[PDB]
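Asks: Can you keep this structure in mind? I'll have questions shortly.
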Amino acid sequence: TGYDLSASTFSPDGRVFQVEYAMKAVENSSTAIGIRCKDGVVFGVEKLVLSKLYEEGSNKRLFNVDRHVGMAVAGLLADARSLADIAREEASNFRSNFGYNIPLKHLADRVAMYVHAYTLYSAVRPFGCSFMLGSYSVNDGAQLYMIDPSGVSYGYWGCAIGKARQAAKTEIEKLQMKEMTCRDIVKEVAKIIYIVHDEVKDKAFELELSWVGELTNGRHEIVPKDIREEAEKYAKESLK
Amino acid sequence: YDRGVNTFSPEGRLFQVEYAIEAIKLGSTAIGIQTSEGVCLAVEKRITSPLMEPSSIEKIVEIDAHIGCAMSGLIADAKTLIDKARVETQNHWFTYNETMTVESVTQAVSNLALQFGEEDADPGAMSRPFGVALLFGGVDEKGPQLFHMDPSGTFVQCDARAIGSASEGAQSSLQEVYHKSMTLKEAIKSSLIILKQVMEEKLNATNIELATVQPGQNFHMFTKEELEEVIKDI
Amino acid sequence: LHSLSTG
Amino acid sequence: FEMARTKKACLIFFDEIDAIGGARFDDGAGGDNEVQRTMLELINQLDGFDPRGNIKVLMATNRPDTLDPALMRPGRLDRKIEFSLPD
Amino acid sequence: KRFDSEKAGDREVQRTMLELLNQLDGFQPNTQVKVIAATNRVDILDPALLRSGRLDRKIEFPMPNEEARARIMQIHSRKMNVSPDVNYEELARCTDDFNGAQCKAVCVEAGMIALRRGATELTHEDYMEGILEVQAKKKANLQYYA
Amino acid sequence: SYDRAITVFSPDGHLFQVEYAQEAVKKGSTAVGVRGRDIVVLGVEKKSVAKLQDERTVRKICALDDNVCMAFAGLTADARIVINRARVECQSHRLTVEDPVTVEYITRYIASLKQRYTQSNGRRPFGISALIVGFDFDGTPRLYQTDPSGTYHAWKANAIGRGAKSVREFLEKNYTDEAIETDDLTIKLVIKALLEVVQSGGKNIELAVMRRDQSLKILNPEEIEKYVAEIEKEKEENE
Amino acid sequence: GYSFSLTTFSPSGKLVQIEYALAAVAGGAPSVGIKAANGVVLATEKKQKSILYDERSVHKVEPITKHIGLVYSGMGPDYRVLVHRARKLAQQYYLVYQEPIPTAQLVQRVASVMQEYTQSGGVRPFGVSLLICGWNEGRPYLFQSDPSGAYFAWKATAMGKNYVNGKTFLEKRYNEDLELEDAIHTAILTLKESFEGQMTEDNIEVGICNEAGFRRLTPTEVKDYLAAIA
Amino acid sequence: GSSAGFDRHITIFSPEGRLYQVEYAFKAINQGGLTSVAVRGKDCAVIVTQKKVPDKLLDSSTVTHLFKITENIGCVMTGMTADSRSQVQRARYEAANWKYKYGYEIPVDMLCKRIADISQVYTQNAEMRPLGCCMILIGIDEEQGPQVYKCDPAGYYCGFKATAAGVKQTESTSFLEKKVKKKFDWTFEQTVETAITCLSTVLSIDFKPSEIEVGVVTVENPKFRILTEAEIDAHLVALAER
Amino acid sequence: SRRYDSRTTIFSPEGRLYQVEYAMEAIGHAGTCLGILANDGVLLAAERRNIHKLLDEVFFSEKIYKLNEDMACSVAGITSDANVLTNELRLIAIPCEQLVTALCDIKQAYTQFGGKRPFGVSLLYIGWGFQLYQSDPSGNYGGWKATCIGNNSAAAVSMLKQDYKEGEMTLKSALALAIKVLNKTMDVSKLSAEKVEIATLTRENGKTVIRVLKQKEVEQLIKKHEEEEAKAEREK
Amino acid sequence: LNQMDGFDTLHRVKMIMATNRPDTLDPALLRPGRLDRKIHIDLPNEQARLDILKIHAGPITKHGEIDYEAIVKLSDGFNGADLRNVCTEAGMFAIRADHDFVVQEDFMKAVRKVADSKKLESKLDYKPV
Amino acid sequence: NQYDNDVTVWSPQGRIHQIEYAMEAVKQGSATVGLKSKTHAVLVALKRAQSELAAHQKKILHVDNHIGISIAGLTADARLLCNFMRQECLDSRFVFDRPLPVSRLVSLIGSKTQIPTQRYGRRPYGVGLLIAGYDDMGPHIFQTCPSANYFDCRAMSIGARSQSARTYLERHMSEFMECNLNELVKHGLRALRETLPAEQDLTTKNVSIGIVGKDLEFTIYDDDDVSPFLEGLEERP
């Protein structure tokens with residue numbers, strides 16, 4: 001019909017269909033969840049292996065846009081890495097100009113505006129990835145924001161992006177995240193990721209775990225392998 | 001039309017590149033042969049009128065004292081590639097006091113291909129691929145060498161390669177008559193024989209161009225007398 | 001100019 | 001297709017199938033709705049709930065890019081023979 | 001979908017659709033007849049037809065994934081004399097963006113090719129080469145790549 | 001800046017914009033160039049000669065330099081730009097090399113400019129074909145033809161424009177060494193070739209010659225009328 | 001931005017986008033410009049769709065210099081852009097020449113901008129017609145600049161909705177001996193003929209240019225002039 | 001509703017002189033499903049908007065269509081959230097630039113005048129689409145007093161005694177017009193109650209002090225403040241008891 | 001971007017530039033403009049289409065503009081593009097042919113690259129010997145003794161071709177010819193002075209004088225022409 | 001049209017007409033002389049969605065607290081058939097887990113599934129002209 | 001056919017068809033296999049010749065002293081990417097006096113190849129790369145796609161009929177780590193054999209082997225130097 005070929009064209013119902021197609025690109029990817037607990041934020045990713053040939057760590061959907069901010073992506077991994085570099089340069093510029101670590105609210109509001117800059121012109125296409133930025137600090141506290149292809153950044157307690165986003169949100173709502181700590185939230189994130197995974201459909205997934213909280217002194221790091229394996233065992237046992 | 005120049009077909013083909021490759025089949029037939037005694041380049045002038053001067057139809061070009069080029073297709077498009085070859089050469093000599101490898105010249109010319117675009121391009125950037133096919137022939141440390149270049153920027157060394165309108169039949173004849181250990185005179189005679197059987201007109205010392213790059217000797221365009229000497233046989 | 005725009 | 005099924009073996013040739021085989025679209029108005037219904041009926045006859053029978057169809061078109069994806073699907077057009085220009 | 005026009009329109013087919021809508025969920029609640037519908041383009045349907053009283057469950061049928069493609073090929077190779085060396089997993093890996101009909105056509109064309117060379121048993125090469133036929137890739141001389 | 005590929009390859013392998021420019025040339029007035037022994041002659045059909053038209057301003061034969069002049073066929077406005085660029089480069093080459101340009105050099109520059117306009121973003125090809133005649137530094141007369149594609153060739157005699165095919169056919173038959181023995185015979189050959197297409201006669205012929213070590217000389221209408229009278233007289237004795 | 005012209009010549013030799021911009025102009029609020037012997041009057045129908053709109057917040061009749069003013073018919077935002085452009089051009093002329101720009105020169109520059117928007121790449125013509133009133137050399141000046149960038153010197157004219165009948169009314173109601181107050185009366189009558197409902201001191205905007213310069217009439221003065229009508 | 005060419009795909013005129021892309025941008029405002037109401041009083045201006053939190057997972061502290069453009073100027077955004085954030089950031093930049101270049105706080109009318117000038121370019125150049133958002137700015141002026149300005153995708157702008165944007169813009173406009181016809185210079189409490197009553201009556205929600213955001217500016221303190229849930233609850237109880 | 005591009009500067013399959021032809025069609029609907037050369041001066045006679053009774057008359061001329069101290073021009077087509085071209089003409093300005101060549105170079109460049117629509121304006125230039133030139137949107141210019149552009153240009157050119165005695169004209173005979181032609185080209189059977197615009201360029205005291213005739217002089221010319229036509233009718 | 005409002009006045013006969021596309025109706029039919037009132041049966045609001053959910057979840061066998069408010073919050077844009085479908089899908093999730101009752105989690109899954117299925121529906125905002 | 005003409009047009013299914021079309025260019029290219037061990041990373045490329053009178057097109061390019069690639073697809077785009085990577089590796093030496101890590105180089109190339117996949121009038125690089133390198137982290141095999149998405153693979157294979165090589169690599173992936181260099185090269189050659197038709201066989205003319213190791217510089221072996229690797233493997237069944 002011609003109303004969806006460009007992002008600079010409005011539909012007669014006032015909707016930019018290119019942005020919606022970019023959102024569907026995100027909805028076609030595997031589910032990544034993130035839960036903001038009492039003393040940090042925990043990111044979990046159901047990173048499927050498309051073949052046994054890829055090494056353990058390829059296509060890392062958990063990024064480190066700063067020393068205190070982690071990024072969980074879902075959708076086009078090339079656009080995801082481009083946005084990860086954009087966020088990295090935004091945090092670097094914030095540190096080089098103002099002299100301190102960028103607040104998660106400001107980093108989210110800046111990367112979201114960079115994303116929105118690609119939803120107005122026919123010279124470019126909207127980003128085909130949605131990403132969650134999570135951080136923790138003693139002053140600001142645990143923060144978790146999600147940014148979609150349109151550029152809408154919203155703070156969250158528990159969020160999920162991917163094809164099993166609704167089921168993951170339903171499982172997340174059962175949690176009393178506002179009271180429990182990271183050491184339990186990692187186990188629950190593993191349980192949710194294992195629950196929403198579809199073994200008869202695309203199978204053989206890897207659990208990518210990361211966190212940022214007071215137990216890491218406000219530093220985003222990959223969850224240690226021992227804790228990750230304990231969470232994996234708990235998640236497998238929870239499936240009976 | 002709706003398509004841009006930098007558009008991929010569902011089969012993975014660059015549309016404009018394939019369309020430029022189709023332009024060579026309308027060009028005149030050129031035949032290059034590489035032998036241990038040298039590189040022989042031949043091309044048909046395809047004279048369209050007795051009034052046209054054959055000497056002005058230059059389709060074999062001195063790239064440098066050790067390298068020549070035979071072009072087929074859109075000859076006007078080949079002028080830019082020839083100029084870049086002749087300027088890129090003597091720039092290697094300027095900085096290193098040595099003649100370029102034929103492979104290096106062909107690679108430098110190949111880098112020009114695919115350097116076209118519509119948006120996000122320089123004002124001097126080209127708009128379409130070069131609808132010409134080039135046959136570089138020269139002498140370097142690796143002895144005589146013949147390279148074929150096509151509008152896709154894919155250059156490859158060839159023992160004996162035929163481009164142009166009669167590329168298929170001339171290539172088949174080259175495969176039938178080429179052996180690795182043969183003299184340059186045999187190569188010239190075989191190329192002339194293959195040309196004579198594919199020309200629309202009758203072969204004479206005026207409607208064809210012959211050139212040779214031999215070790216020791218320089219690039220040499222065959223004169224009318226030299227052409228008649230080898231044509232008088234066949 | 002500024003006054004005209006503002007008033 | 002009813003009279004084609006009254007024969008043990010039958011061939012149907014659809015010359016210039018792009019006349020009715022165009023892809024379905026919604027242009028606000030009733031753009032090519034009836035022709036789309038004809039194409040849908042042809043598709044249902046080719047591969048639907050009921051078996052087609054011993055009918056082997058054959059369509060020729062110079063505009064295959066305009067054909068509906070459901071018509072260009074195996075089970076309705078299993079073989080796609082390209083009549084490219086001769087070498 | 002119904003539309004508003006001043007000059008012409010397909011009001012008769014819309015009347016038939018409105019009768020269908022009334023039958024599905026209208027004045028007389030018919031709760032003894034089950035209704036199943038199928039379509040390729042749900043974006044064309046009238047929103048009154050996609051209602052949650054007429055079509056409660058709208059099941060999406062996706063492209064068969066790798067395991068599904070292998071399963072479909074195995075299903076359609078049951079009545080076929082296939083050698084015990086075909087790698088249906090490899091065939092599934094080679095059939096990206098193939099629907100179930102194309103997966104069945106892969107087996108059909110493999111049988112075609114096995115008959116073409118006179119073999120009485122289908123080999124993995126027959127399936128691999130019939131994948132090319134089902135792909136229907138246009139003829140290309142792209143031997144200058146790499 | 002407008003950066004769109006105006007000239008792109010057709011699926012057939014053709015540059016359709018170049019072919020359309022050549023068609024625009026084919027819609028132009030017939031220009032004939034003949035390279036003689038010591039003279040080069042350029043005769044252009046004047047299309048229609050309105051009595052109110054200042055014939056000085058509408059001139060399809062223009063001298064690029066003191067030794068080079070060209071006659072075009074095609075879009076007059078494009079031809080003016082090509083002529084101006086060629087004149088500027090002729091002056092630049094004279095400044096640099098301290099030698100008047102050769103016919104090959106200016107022809108090559110014109111063809112290269114045309115090819116650049118057939119391969120640049122946002123530019124349509126020049127819709128003119130040129131017949132460039134002149135004398136080299138050694139006194140050799142030279143005639144060259146360039147087309148909108150950017151390909152140029154040397155010709156003993158040639159014609160461009162609407163009547164190009166028939167005039168070239170005539171020239172292929174009557175261009176002989178005897179026919180170019182003298183300047184008068186060369187001019188008569190040019191006028192005959194133009195009369196093969198021109199209907200009214202000498203009224204629609206603008207003829208300009210160039211002799212060795214001389215500037216371009218435009219023939220006055222009475223001279224062309226005298227030449228046409230000579231050809232008409234010679235026609236009778238051959239019957 | 002696009003580098004290709006969005007306004008092109010139709011096969012019938014018409015700049016179609018300019019005609020469509022003129023059609024947009026003809027759908028705007030009526031505007032009347034009358035050049036009297038001692039000044040010019042620009043009147044317009046500044047009618048809102050609700051009382052919630054602040055009538056005095058935005059003005060359709062805006063000054064450009066101390067002696068030049070504009071009133072538009074067409075699209076509001078385009079007129080605001082052209083108002084800023086006209087003011088900037090007037091400031092440039094004043095800075096160069098240390099003298100307020102003549103009305104004709106400002107009209108020419110503004111029309112040049114409007115034409116530039118009919119030929120430049122990736123832009124549409126302004127959907128406004130500008131009535132420009134000024135006072136120079138002890139003489140009044142009235143001009144109309146259309147979307148195409150063409151300017152006309154008008155003794156009296158009307159633009160916008162019902163502008164043809166307004167023009168016909170002005171032919172039978174204007175003479176060169178009119179005074180400024182009678183010109184205001186005639187302009188208010190011209191608006192009233194195309195007006196629907198009643199004209200209050202707030203739903204129309206009137207400005208006048210005389211030897212004292214250009215000034216937009218306050219609502220009280222418009223109220224007095226309207227009470228003069230009835 | 002005639003069309004000719006790309007008049008529905010880019011901001012060029014239709015045969016009847018309409019910019020369909022701008023009208024579609026206007027329709028994009030209702031895509032968010034939210035309605036905002038701004039009411040101006042004798043010495044105060046109030047913006048109220050419904051905040052929707054579909055699930056407890058969403059951090060309700062971040063779902064805010066009320067943005068503090070400057071200390072003395074506030075705004076409420078209606079429409080696409082990303083375009084709303086873009087317009088808010090641009091308005092903040094323009095306010096800061098005005099303060100730097102001219103030395104005094106930007107007037108509320110001029111802020112939306114500049115924003116509408118920015119958004120008019122989107123309706124003239126074809127390479128970009130208009131922002132599908134509507135800004136309502138409120139602020140206390142030095143002399144004019146309270147000021148409310150709606151600021152639409154077309155580059156149109158006007159002052160308002162009371163305006164509304166979003167899905168229920170017309171019903172709220174009718175309600176506020178009926179209230180204004182009574183010609184009462186409302187006090188601060190009266191303006192807040194009028195805005196809350198407009199939103200509630202039009203939406204029929206019977207608000208709780210967690211479903212609406214209220215931001216006020218008053219002459220006594222010419223600063224934009226977002227009312228807390230207790231402050232909103234006070235007005236809700238006052239409305240309920242009457 | 002490619003979707004919305006109209007490709008103004010391209011070649012049609014027949015070798016024509018459609019935008020240039022459409023601009024010429026636009027000029028064909030413009031006001032009639034005449035240019036006549038004489039032995040002592042040149043004249044431009046443009047039909048005035050801005051003939052509304054409420055149109056103020058403040059400008060020195062409507063379609064006739066002064067480019068320099070030696071030249072004048074008249075336009076047919078889009079008036080705003082005419083203003084742009086005349087401003088550029090004044091900026092460039094000099095021999096008449098050089099000025100026409102420069103403006104035509106700009107006009108041609110607009111038809112070769114840039115993607116913009118061409119200047120839909122045809123110009124008639126008069127200057128000082130005395131010379132008259134005509135330029136088209138394509139950038140193709142040509143000198144003339146008598147020429148016409150705009151409405152009924154073909155009929156005017158035929159009338160001049162039949163009536164223009166080459167070489168033997170003064171300013172008076174050329175003015176009479178201009179009135180005679182304009183009477184037939186315009187649909188008005190009377191051709192009042194308010195619907196025409198005559199400007200003459202002549203060499204006086206070694207200086208170029210470009211003067212637009214007053215309405216009284218034009219009425220005198222019309223009266224003389226109608227009296228001569230009545231005298232011709234006296235024969236029949 | 002001649003029967004609703006024509007030459008013969010209609011006495012003691014009332015006409016109720018229902019449509020979900022009133023934009024396509026003939027202007028004479030929509031004329032207030034024939035269709036005097038135009039009652040907009042709009043999509044349910046929060047309280048209306050709560051009422052419809054309580055109506056349709058009434059006969060559903062449940063144990064545990066049922067927070068209808070959460071389903072209302074996540075039911076934005078739903079219609080009455082949407083909420084009946086929410087109850088039906090909650091019961092269907094109960095059946096799929098082999099249960100004789102419905103809990104709040106089943107309602108959560110049902111409402112999210114119905115919201116997902118709502119993305120295929122085109123424009124519904126149609127009003128008489 | 002309206003959603004596939006440009007790289008900035010999202011299809012309604014959330015796919016960019018121009019990117020997939022560029023990805024098919026790699027599938028049109030000749031097969032190549034890159035596999036790594038505990039200490040080595042090797043690439044085996046099956047060169048193709050347009051005609052038997054023309055040389056086989058080179059597929060393995062030397063990028064740096066420790067990094068070398070195998071190309072599949074457009075040779076000119078491959079040369080552009082190889083020049084970019086050579087320049088990046090050279091700049092790393094010029095700045096930090098250290099080799100550029102392979103993981104940190106593939107990231108730069110995946111960021112470079114992503115820019116054309118988002119801007120109007122640009123096209124994705126119609127070349128797929130198999131990068132074999134060695135660094136402090138050991139050997140690395142990376143696969144770079146026209147979609148600008150790269151994978152860190154234990155053993156990858158791209159090109160025409162490369163999925164048979166993928167199957168062979170998956171079958172024998174367990175023994176890649178502990179095998180020596182000769183066994184690794186034999187595994188690569190055996191994997192590449194699966195991409196050939198039944199009648200074809202690996203010869204010196206159409207096999208190129210690029211090897212990088214802990215103490216071994218990246219070296220490319222051709223017809224004369226491939227024989228010490230080819231003669232060991234036995235004839236396939």
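Note on naming: chains are A, B, ... as they come in the structure tokens, residues start from 1 per chain, ligands start from 1 in the order shown.
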Got a sec to tell me which of range 133-177 of chain I DSSP assigns to strand (DSSP E or B), as a VMD selection string?
Replies: chain I and resid 133 to 135 141 to 144 146 to 149
Asks: Using only C-alpha atoms, pick whichever of D:11, D:17, D:4, D:40 has the shortest atom-to-atom distance to residue 62 in chain D.
Replies: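 Among D:11, D:17, D:4, D:40, it is D:17 that comes nearest to residue 62 in chain D.
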Asks: Would you write out, as CSV, a table of all residues in chain D that have an atom no more than 12 Å from an atom of chain K, listing for each the closest atom pair and the distance in Å to one decimal, considering only C-alpha atoms and ordering rows by chain and rising residue number?
Replies:
```
residue,atom,partner,partner_atom,distance
D:23,CA,K:1,CA,10.6
D:64,CA,K:1,CA,10.9
D:65,CA,K:1,CA,7.2
D:66,CA,K:1,CA,8.4
D:67,CA,K:1,CA,10.5
D:68,CA,K:1,CA,11.0
D:69,CA,K:1,CA,10.7
```
Asks: Can you spit out the residues from that selection as a PDB file, in the first residue's frame, using C-alpha atoms?
Replies:
```
ATOM      1  CA  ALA D  23      -1.224 -10.854  -5.089  1.00  0.00           C
ATOM      2  CA  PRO D  64       5.719 -13.792 -12.165  1.00  0.00           C
ATOM      3  CA  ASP D  65       6.606 -11.145  -9.567  1.00  0.00           C
ATOM      4  CA  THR D  66       2.950 -10.060  -9.383  1.00  0.00           C
ATOM      5  CA  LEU D  67       1.589 -13.525  -8.569  1.00  0.00           C
ATOM      6  CA  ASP D  68       0.193 -14.245  -5.122  1.00  0.00           C
ATOM      7  CA  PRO D  69       2.568 -16.074  -2.742  1.00  0.00           C
TER       8      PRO D  69
END
```
Asks: Can you tell me which residues surround residue 91 in chain A at a distance of at most 12 Å, considering only C-alpha atoms, apart from same-chain residues fewer than 5 positions away, and format the answer as a short mmCIF file (atom, residue, chain, number, x, y, z; two decimals) with N, CA, C and O atoms, in the first residue's frame?
Replies:
```cif
data_model
loop_
_atom_site.label_atom_id
_atom_site.label_comp_id
_atom_site.auth_asym_id
_atom_site.auth_seq_id
_atom_site.Cartn_x
_atom_site.Cartn_y
_atom_site.Cartn_z
N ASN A 64 28.43 -4.77 28.34
CA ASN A 64 28.91 -3.89 29.40
C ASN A 64 29.14 -2.51 28.80
O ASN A 64 30.24 -2.19 28.34
N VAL A 65 28.09 -1.68 28.79
CA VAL A 65 28.21 -0.33 28.25
C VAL A 65 28.97 0.60 29.17
O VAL A 65 29.36 1.69 28.73
N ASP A 66 29.19 0.21 30.42
CA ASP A 66 30.02 0.97 31.34
C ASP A 66 30.46 0.04 32.45
O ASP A 66 30.11 -1.15 32.47
N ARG A 67 31.25 0.57 33.39
CA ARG A 67 31.72 -0.24 34.50
C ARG A 67 30.61 -0.52 35.51
O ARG A 67 30.75 -1.44 36.32
N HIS A 68 29.52 0.24 35.48
CA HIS A 68 28.42 0.04 36.41
C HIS A 68 27.09 -0.23 35.72
O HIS A 68 26.07 -0.34 36.40
N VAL A 69 27.07 -0.33 34.39
CA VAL A 69 25.84 -0.51 33.63
C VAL A 69 25.98 -1.75 32.75
O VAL A 69 27.00 -1.92 32.07
N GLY A 70 24.97 -2.61 32.78
CA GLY A 70 24.89 -3.75 31.90
C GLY A 70 23.70 -3.64 30.95
O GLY A 70 22.70 -3.00 31.22
N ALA A 84 24.97 -0.90 21.57
CA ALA A 84 25.87 -1.08 22.70
C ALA A 84 27.08 -0.16 22.59
O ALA A 84 27.50 0.44 23.57
N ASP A 85 27.64 -0.04 21.38
CA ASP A 85 28.73 0.91 21.17
C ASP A 85 28.26 2.35 21.35
O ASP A 85 29.01 3.18 21.87
N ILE A 86 27.04 2.66 20.92
CA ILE A 86 26.50 4.01 21.11
C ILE A 86 26.39 4.33 22.60
O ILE A 86 26.78 5.41 23.05
N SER A 96 33.92 11.77 30.59
CA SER A 96 34.95 12.71 30.16
C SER A 96 34.52 14.17 30.28
O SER A 96 35.38 15.04 30.36
N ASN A 97 33.22 14.44 30.31
CA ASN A 97 32.72 15.81 30.43
C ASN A 97 32.37 16.18 31.86
O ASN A 97 32.90 17.17 32.39
N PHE A 98 31.49 15.43 32.51
CA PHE A 98 31.02 15.78 33.85
C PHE A 98 31.89 15.22 34.96
O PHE A 98 31.91 15.77 36.06
N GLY A 99 32.61 14.13 34.70
CA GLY A 99 33.59 13.62 35.64
C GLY A 99 33.12 12.53 36.58
O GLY A 99 33.82 12.24 37.55
N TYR A 100 31.96 11.93 36.33
CA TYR A 100 31.47 10.85 37.18
C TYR A 100 30.65 9.88 36.34
O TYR A 100 30.27 10.18 35.21
N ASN A 101 30.40 8.71 36.92
CA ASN A 101 29.64 7.68 36.22
C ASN A 101 28.25 8.18 35.85
O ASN A 101 27.58 8.85 36.64
N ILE A 102 27.83 7.86 34.63
CA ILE A 102 26.56 8.38 34.11
C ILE A 102 25.40 7.72 34.86
O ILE A 102 25.39 6.49 35.01
N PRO A 103 24.44 8.49 35.36
CA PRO A 103 23.25 7.87 35.96
C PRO A 103 22.49 7.06 34.92
O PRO A 103 22.45 7.41 33.74
N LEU A 104 21.90 5.95 35.37
CA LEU A 104 21.18 5.08 34.45
C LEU A 104 20.01 5.79 33.79
O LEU A 104 19.69 5.52 32.63
N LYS A 105 19.35 6.70 34.52
CA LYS A 105 18.26 7.45 33.91
C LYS A 105 18.76 8.29 32.74
O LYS A 105 18.14 8.31 31.67
N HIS A 106 19.91 8.94 32.90
CA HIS A 106 20.43 9.79 31.83
C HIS A 106 20.95 8.97 30.66
O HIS A 106 20.74 9.33 29.50
N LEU A 107 21.63 7.85 30.94
CA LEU A 107 22.09 6.98 29.87
C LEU A 107 20.91 6.41 29.09
O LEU A 107 20.95 6.35 27.85
N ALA A 108 19.86 5.98 29.79
CA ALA A 108 18.67 5.50 29.11
C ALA A 108 18.04 6.59 28.26
O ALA A 108 17.70 6.37 27.10
N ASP A 109 17.91 7.80 28.82
CA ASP A 109 17.29 8.89 28.08
C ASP A 109 18.12 9.33 26.88
O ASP A 109 17.56 9.85 25.91
N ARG A 110 19.44 9.13 26.92
CA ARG A 110 20.29 9.51 25.80
C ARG A 110 20.31 8.45 24.70
O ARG A 110 20.15 8.77 23.52
N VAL A 111 20.49 7.18 25.08
CA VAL A 111 20.49 6.12 24.07
C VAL A 111 19.11 5.97 23.46
O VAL A 111 18.97 5.68 22.26
#
```
Asks: Listing only residues of chain A within 10 Å of chain E, what is the closest atom pair and its distance in Å (to one decimal) for each, using only C-alpha atoms, sorted by chain and residue number ascending, as a Markdown table?
Replies:
```
| residue | atom | partner | partner_atom | distance |
| --- | --- | --- | --- | --- |
| A:50 | CA | E:66 | CA | 9.7 |
| A:51 | CA | E:93 | CA | 9.7 |
| A:200 | CA | E:67 | CA | 8.4 |
| A:201 | CA | E:65 | CA | 7.5 |
| A:202 | CA | E:65 | CA | 7.3 |
| A:203 | CA | E:67 | CA | 9.3 |
```
Asks: Residues within 7 Å of range 73-78 of chain K, please, as a ChimeraX atom specification. Count only C-alpha atoms; anything in the same chain fewer than 3 positions from it doesn't count.
Replies: /B:111,153-154 /E:145-146 /K:25-26,28-29,81-82,125-128
Asks: Can you work out the spacing between CA of residue 41 in chain G and CA of residue 210 in chain G in Å, to one decimal?
Replies: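 Rounded to one decimal, the two atoms are 9.0 Å apart.
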Asks: Mind pulling up the distance from CA of residue 92 in chain E to CA of residue 9 in chain K?
Replies: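 Taking CA of residue 9 in chain K as the start and CA of residue 92 in chain E as the end point, the length is 28.4 Å.
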Asks: Would you give me, as a Markdown table, each residue of chain E having an atom within 10 Å of an atom of chain K, along with its shortest atom pair and that distance in Å to one decimal, using only C-alpha atoms and sorting by chain and residue number?
Replies:
```
| residue | atom | partner | partner_atom | distance |
| --- | --- | --- | --- | --- |
| E:87 | CA | K:167 | CA | 9.0 |
| E:89 | CA | K:167 | CA | 8.8 |
| E:90 | CA | K:163 | CA | 6.7 |
| E:91 | CA | K:163 | CA | 8.7 |
| E:93 | CA | K:163 | CA | 7.2 |
| E:94 | CA | K:163 | CA | 6.8 |
| E:125 | CA | K:197 | CA | 8.9 |
| E:128 | CA | K:161 | CA | 9.0 |
| E:140 | CA | K:28 | CA | 9.7 |
| E:141 | CA | K:50 | CA | 9.7 |
| E:142 | CA | K:28 | CA | 6.8 |
| E:143 | CA | K:50 | CA | 6.2 |
| E:144 | CA | K:50 | CA | 6.5 |
| E:145 | CA | K:73 | CA | 4.6 |
| E:146 | CA | K:73 | CA | 4.7 |
```
Asks: Near residue 124 in chain A, within 8 Å and counting only C-alpha atoms, which residues show up once chain neighbours fewer than 6 positions away are dropped, as an mmCIF file with C-alpha atoms, in the first residue's frame?
Replies:
```cif
data_model
loop_
_atom_site.group_PDB
_atom_site.id
_atom_site.type_symbol
_atom_site.label_atom_id
_atom_site.label_comp_id
_atom_site.auth_asym_id
_atom_site.auth_seq_id
_atom_site.Cartn_x
_atom_site.Cartn_y
_atom_site.Cartn_z
ATOM 1 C CA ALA A 7 9.772 5.675 8.660
ATOM 2 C CA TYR A 118 16.282 6.658 13.513
ATOM 3 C CA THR K 8 16.318 0.517 5.181
ATOM 4 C CA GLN K 118 21.014 1.036 8.061
ATOM 5 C CA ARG K 119 21.510 3.960 5.639
ATOM 6 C CA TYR K 120 19.542 4.747 2.492
#
```
